[PDB]
Amino acid sequence: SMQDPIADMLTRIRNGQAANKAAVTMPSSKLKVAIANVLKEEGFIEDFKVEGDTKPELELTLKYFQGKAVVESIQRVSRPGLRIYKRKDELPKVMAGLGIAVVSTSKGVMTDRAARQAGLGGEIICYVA
Amino acid sequence: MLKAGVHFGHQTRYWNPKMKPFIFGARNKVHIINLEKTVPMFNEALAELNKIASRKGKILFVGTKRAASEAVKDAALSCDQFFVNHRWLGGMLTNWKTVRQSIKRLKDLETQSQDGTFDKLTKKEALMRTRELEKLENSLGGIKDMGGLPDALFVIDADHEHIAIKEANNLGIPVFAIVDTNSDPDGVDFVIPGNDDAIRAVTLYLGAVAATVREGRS
Amino acid sequence: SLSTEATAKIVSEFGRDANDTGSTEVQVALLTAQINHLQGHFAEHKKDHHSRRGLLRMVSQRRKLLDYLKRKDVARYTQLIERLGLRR
RNA sequence: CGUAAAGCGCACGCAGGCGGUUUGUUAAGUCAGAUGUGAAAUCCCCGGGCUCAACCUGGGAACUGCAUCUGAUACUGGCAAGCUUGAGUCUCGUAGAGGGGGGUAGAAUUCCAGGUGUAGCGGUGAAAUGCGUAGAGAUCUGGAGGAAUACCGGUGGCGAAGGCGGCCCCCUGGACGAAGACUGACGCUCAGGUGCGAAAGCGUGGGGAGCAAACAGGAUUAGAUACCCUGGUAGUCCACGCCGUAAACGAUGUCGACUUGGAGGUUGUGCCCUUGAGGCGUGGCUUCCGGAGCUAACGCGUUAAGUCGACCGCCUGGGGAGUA
Ligand SMILES: [Mg+2]
Ligand SMILES: [Mg+2]
Ligand SMILES: [Mg+2]
Ligand SMILES: [Mg+2]
Ligand SMILES: [Mg+2]
Ligand SMILES: [Mg+2]
Ligand SMILES: [Mg+2]
Ligand SMILES: [Mg+2]
Ligand SMILES: [Mg+2]
Ligand SMILES: [Mg+2]
Ligand SMILES: [Mg+2]
Ligand SMILES: [Mg+2]
Ligand SMILES: [Mg+2]
Ligand SMILES: [Mg+2]
Ligand SMILES: [Mg+2]
Ligand SMILES: [Mg+2]
Ligand SMILES: [Mg+2]
Ligand SMILES: [Mg+2]
Ligand SMILES: [Mg+2]
């Protein structure tokens, strides 16, 4: 029963790439907009909106390039049934460093590559190949 | 721009889910293909046809469904390229090297009947030879003058003549074609939306093709 | 079963006004009233296990609603349960 | 974990696990820093010494740990105040073999009594046992009983599953739709537990037409303790208990999200001209075919066996054995 909204976001994007849908519309949340902000800034998603009032239905705009969708893969890691909190150096690189891994830290939600500069780590949210 | 006649789409309920961009709903319980998206498509496709025609590349105009075959044969012999209006023998491209001797056979035999052995063996034999001749003349006649491999395989349909597409798609051959609502724009590159079962439609598209290719020899 | 008028009365006794109907106390009241009205139907028949099952459903429903109510506010909870006639 | 071993038969549900959204706080987890410790050897690295090596050995790193201390505060947890999209209650209806209790009707089989009437009837592959001039079978009338409900009836409906069909009343459960109203995360799952659970069976008291284990006879057969025939008891039926199992099977746990189509079925409602047995929409349940993808393959395919999440159950070669 909708136990994990984040994994739901990731899977909306995943099925949105498989079906090659344009926009993906989902209920919003602070963490939602943070993660979508990370993916956006990194370039996985072309823009987004948090259009909505009392029920913010934020929609993402999926990216494509040649024929294949941009998102190679996007597995949820720190699931609610198994939280994962990597140490600073312990922070994993995805695809030898050419694929960011969204990690939540005390300074906010950010890429692991940035958390290597921030000198600190935290809960790793999701690998984005 | 609707240049002349009617060719909006047709079929009915069983539209291929892949062609969502190019469909609408007619009150006659049948889809009408958009012309707005269609115009740049066949425009640019004809442009490519002119570019490869200047490249002096061999083209194949594939056709079937009886009434369309005539339009096809007319659009090649009136032009200069090649055509397969009748039965499209499986593996005539990716298996082309045996078809090659099939053609050698056609040519040498049609030569044999026109001056050589016209009845030498038996009257019955002459009958059989004329028969088989006509068979190979209408089976692989349009590709007789080739001897190489087509630079482009323009097809009169997609979903019906699927094997031509899948075959010519196995190698470096562009395969732009006029496709109907139920057709798959998968193996096809430059898709050209528009109805297909109508004769005016195939005469229109194929004729435009005749123009653009006819400019390639200049 | 429980008549529509019965509910019309019960609401105007466990809520704000006739307009309201969704509050916890009202729901619990309803559940209990219905259950009590059903006690009879199972005095006989007894083999009626499907109806029975509907009952069990509304019963556990009631225990959940009551549990919530308690955790939310033990005060008025004690009032409700002391009035509705239950508890061990 | 559909078919190879493997989803409990189904449900309810305590502890446990997990949990929508906004704000505040706290800082438990988490993270950063610092200090203390983490015996020596051993392992690793760079040197040194035995003629080399083994071995010895100096320094270093390592000892993935633990604890206190000052910070961070995104994410999770606790406490606080909330929000409405989850869940729930209310209002109006709709369909239904949902269930329990009480009635009731028609066709038929069997039995019983009598009429008419006459030698076969019955059965099978054939036949015999069986019934029959003590008058059967056929036939008509009157009666008595028990059981199941042709037609409708449909991959149609309802139920959690088992399962439920003549019609009628009585008590009663759940599902769905419409426009709202209100509650404010009350949710999901669930070991142990509790309930329900075909048939057969068991107990007690009834009932007993048909049917039919056991049994008997006749055949068939090398034999036939079976198949087939003639009989026929328990049982099948009712009341109340017990049993607790099925290939309890979409061989497919439950809940939630997402992801192209087509033809249907069934049941609501909105809309349009009912302007003519229609047209365009929106929900629920359900059958078949198929796309991407998945799959060992077969196949599944928006009621997934796809893409994910939560929780539970179970599997770890065949046999012994689901036995002691
Ligand atoms: Mg198995
Ligand atoms: Mg099951
Ligand atoms: Mg709990
Ligand atoms: Mg939360
Ligand atoms: Mg702390
Ligand atoms: Mg040491
Ligand atoms: Mg040395
Ligand atoms: Mg050191
Ligand atoms: Mg907090
Ligand atoms: Mg908090
Ligand atoms: Mg309200
Ligand atoms: Mg259990
Ligand atoms: Mg029984
Ligand atoms: Mg008995
Ligand atoms: Mg029992
Ligand atoms: Mg079993
Ligand atoms: Mg099973
Ligand atoms: Mg299928
Ligand atoms: Mg045993």
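Protein chains in written order, with PDB author numbering: chain h, 1 to 129; chain b, 8 to 225; chain o, 1 to 88.
Idealized CB from N, CA, C, for every residue including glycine.
1. Going by alpha carbons, who is nearest to residue 63(o) out of 45(o), 19(o), 77(o)?
2. In terms of alpha-carbon separation, which member of 61(b), 8(b), 24(b), 87(b) lies closest to residue 152(b)?
3. For a test of the three-state rule: what should DSSP assign to residue 110(b), helix, strand or coil?
4. If residue 200(b) and residue 186(b) are in contact, beta carbons under 8 angstroms, what's the gap, nearest whole angstrom?
5. Could you pull the start and end residues of the beta strand (DSSP E) that residue 163(b) belongs to?
6. Mind checking whether residue 62(h) and residue 69(h) have CB atoms under 8 angstroms apart?
7. Count the C-beta pairs between the stretch 22-39 of chain o and the stretch 64-84 of chain o that are closer than 8 angstroms, then say yes if the count reaches three, no if not.
8. With a cut-off of 8 angstroms on the beta carbons, I'd call residue 10(h) and residue 126(h) a contact; round off their distance for me.
9. Exposed or buried, which one is residue 73(h) when buried takes at least 16 other CB atoms within 10 Å?
10. So which of 223(b), 26(b), 20(b) has the shortest CA-CA distance to residue 34(b)?
11. Spell out a yes or no on whether the stretch 47-63 of chain b and the stretch 113-124 of chain b are touching, meaning 3 or more CB-CB pairs, one atom from each, closer than 8 angstroms.
12. Could you please give the first and the last residue of the uninterrupted alpha helix (DSSP H) stretch that includes residue 15(b)?
13. DSSP beta-bridge partners for residue 110(h)?
14. Is it right to say residue 80(h) is buried, meaning 16 or more other beta carbons lie within 10 angstroms of its own, or is it exposed?
15. Given a cut-off of 8 angstroms, decide if residue 110(h) and residue 38(h) are closer than it, judged by their beta-carbon atoms.
16. Output the residue ranges of the alpha helix (DSSP H) runs that lie fully inside the stretch 24-78 of chain o and measure 4 residues or longer, sorted by chain position.
17. Could you give the DSSP three-state label for residue 89(h): helix, strand or coil?
18. Under the three-state reduction of DSSP, which class applies to residue 181(b): helix, strand or coil?
19. Restricting to Cα atoms, I'd like to know which of 71(o), 75(o), 66(o) is closest to residue 87(o).
20. For residue 120(h), which residues from the same chain have a beta carbon less than 8 angstroms from its beta carbon, with the 5 sequence-adjacent residues on both sides left out?
21. Restricting to runs no shorter than 4 residues, where is the alpha helix (DSSP H) found entirely within the stretch 22-59 of chain h?
22. Return the first residue and the last residue of the alpha helix (DSSP H) that residue 212(b) is part of.
23. Determine the DSSP secondary structure at residue 31(b), reduced to helix, strand or coil.
24. Fully enclosed by the stretch 67-117 of chain b, which alpha helix (DSSP H) runs are 4 residues long or longer?
25. Which residue wins for smallest C-alpha separation from residue 6(h), given the options 53(h), 19(h), 83(h)?
26. Are residue 65(b) and residue 157(b) closer than 8 angstroms when you measure CB to CB?
27. For my contact list, residue 92(b) and residue 76(b) are in at a C-beta cut-off of 8 angstroms; report their separation, rounded to the angstrom.
28. How would you call residue 16(h), buried or exposed, if buried means at least 16 neighbouring beta carbons within 10 angstroms?
29. Three-state secondary structure (DSSP) at residue 54(b)?
30. Tell me whether residue 123(h) sits in a helix, a strand or coil according to DSSP, three-state version.
On the basis of the supplied data:
1. Taking only the C-alpha atoms, the option nearest residue 63(o) is 77(o).
2. Cα-wise, what sits closest to residue 152(b) is 87(b).
3. Three-state result, residue 110(b): helix.
4. Residue 200(b) to residue 186(b), Cβ: 6 angstroms. Contact.
5. Membership of residue 163(b) in any beta strand (DSSP E) is not indicated, and neither H nor E is assigned to it by DSSP.
6. It is a contact, given that the beta carbons lie within the stated cut-off.
7. A contact exists between the stretch 22-39 of chain o and the stretch 64-84 of chain o.
8. Right, their Cβ atoms sit about 6 angstroms apart.
9. By the neighbour-count rule (16 or more Cβ atoms within 10 Å), residue 73(h) is not buried but exposed.
10. Taking only the C-alpha atoms, the option nearest residue 34(b) is 20(b).
11. Taking one beta carbon from each stretch, the stretch 47-63 of chain b and the stretch 113-124 of chain b have fewer than 3 pairs nearer than 8 angstroms; the two do not touch.
12. Looking at the DSSP string, residue 15(b) is not in any alpha helix (DSSP H), and its letter there is neither H nor E.
13. Paired residue(s): 103(h).
14. It counts as exposed.
15. Yes, these two residues count as a Cβ contact at 8 angstroms.
16. Restricted to the stretch 24-78 of chain o, the alpha helix (DSSP H) segments that are unbroken, complete and at least 4 residues in length are 24-38, 49-72, listed in chain order.
17. In this structure, residue 89(h) counts as coil in the three-state DSSP scheme.
18. The three-state reading of DSSP puts residue 181(b) in coil, since its state is none of H, G, I, E or B.
19. Nearest of 71(o), 75(o), 66(o) to residue 87(o), Cα basis: 66(o).
20. Excluding sequence neighbours, residue 120(h) sits near 88, 105, 106, 107.
21. The stretch 22-59 of chain h contains these whole alpha helix (DSSP H) runs: 30-42.
22. Residues 206-221.
23. It is coil, neither helix nor strand.
24. As far as the stretch 67-117 of chain b is concerned, its whole alpha helix (DSSP H) runs of at least 4 residues are 74-84.
25. Considering only alpha carbons, the answer is 83(h).
26. Yes.
27. So it is a contact: roughly 4 angstroms between Cβ atoms.
28. Label assigned to residue 16(h): buried.
29. Helix.
30. Correct three-state label for residue 123(h): strand.
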